[PDB]
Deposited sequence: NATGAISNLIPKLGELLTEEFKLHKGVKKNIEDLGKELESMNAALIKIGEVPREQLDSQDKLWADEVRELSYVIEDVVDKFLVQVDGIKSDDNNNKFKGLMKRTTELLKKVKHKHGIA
């Protein structure tokens, strides 16, 4: 037999494609939100030059509430990204590669 290599090839292919779909989906979501926050930031700067009513005050509170909501989602994403970098299973690559390369040295 060839060990688990026959089973490993389609699993790595499944992992490669699913990781690629996840990256592109997350990358697009962050960029699309960043585009709208930059557009909102530019609009709020133009309004700051205007010499406001109660509706402006209410919408200012809605802007502040949205900032909290987005900041919470982004801060927790940064924490999870930091955790994946320090993850135990994610750090096993270098340990497997060292054993993999040393065995392939004996081949050639």
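- In this chain the deposited sequence has gaps in the coordinates at 1, 53-55, 113-118, listed in sequence order.
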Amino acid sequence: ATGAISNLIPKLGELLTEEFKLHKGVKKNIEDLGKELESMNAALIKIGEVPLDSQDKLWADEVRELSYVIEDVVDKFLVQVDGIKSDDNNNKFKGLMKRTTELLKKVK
From here on, numbers count along this sequence of modelled residues.
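- Remark: stretch with higher mean C-alpha B factor among 99-107 and 1-9 is 99-107.
- Mean C-alpha B-factor is higher over 30-38 than over the other stretch, the pair under comparison being 30-38 and 68-76.
- Out of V81, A60, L44, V50, the entry records its largest CA B-factor for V50.
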